[PDB]
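In structure tokens, the next block holds one chain alone, the form deposited in one PDB entry.
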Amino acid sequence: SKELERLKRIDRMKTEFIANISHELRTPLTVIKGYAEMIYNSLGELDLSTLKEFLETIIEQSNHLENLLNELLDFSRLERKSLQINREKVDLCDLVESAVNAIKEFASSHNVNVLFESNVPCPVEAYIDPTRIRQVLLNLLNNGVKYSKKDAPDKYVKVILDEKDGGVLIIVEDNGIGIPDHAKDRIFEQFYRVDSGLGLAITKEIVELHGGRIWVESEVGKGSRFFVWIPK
């Protein structure tokens, strides 16, 4: 019954995940579909200045649809364990930088500071999928800011780049609420939370696809460190 209860909860939360993303997909479709009809029906008469503005919207809107479609695609490829990886010779220093950069504003909204130090001279080279590893970083960093300690004067998230055992190690450090001793393996299970949009499960899969491993070290209420190791 532990399995039957497990499966009936998974099915529950898959249903909900799908219901949400279906609904999200609908709006940009409406705007695109709408804006193309506006352009179509007024075909002769439009200002170029305004033609430009209308297309910009159809473009921007189709991008939102792509992000949403890719989130739905990822969820599916995780289920079928058919998620794939496109490795490139890339510098990890600039990529980390870029992610730290990407997250900077959100971190300010919760008064958390973002920090980077590499223990090896840049550029640090690695044959990895830049987009997928960038996504791994964003998720970890994002969580650092989300689960930071409400009563901490110096809320931070830190990224430590290094070169261990013929590969690369990446630590994401945090002075937030930490993680209890029961949930340490649990938090990498899709949809799993601590109190009663793909998260750490897809991060785990990406990392393991590269051949690496991911783990956490936490003192409850004091620190959290997420470790990511990847070969060369």
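What we label the rigid core is the largest C-alpha set whose atoms superpose within 1.5 Å from one form to the other. A residue's number is simply how far along the shown sequence it sits, counting from 1.
One more form of this protein should be noted, the form deposited in another entry, which is absent from this view; the next part is about it.
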Residue from 177, 38, 183, 169 whose Cα, after superposing the rigid core, lies 2 Å or more away between the shown form and the other one | 38
Classify residue 16 as shifted (yes) or not shifted (no) between the shown form and the other one, where shifted means its C-alpha moves by 2 Å or more with the rigid core superposed.
-> yes
Shift of residue 61 between the shown form and the other one at or above 2 Å (CA, core fit) = yes
Core fit, then residue 25 C-alpha moves 2 Å or more between the shown form and the other one = yes
Distance direction in the other form for the C-alpha atoms of residue 13 and residue 185, relative to the displayed form (3 angstroms or more) | closer
Output row for the residue 178-residue 16 CA distance, |change| of 3 angstroms or more in the other form, reads closer
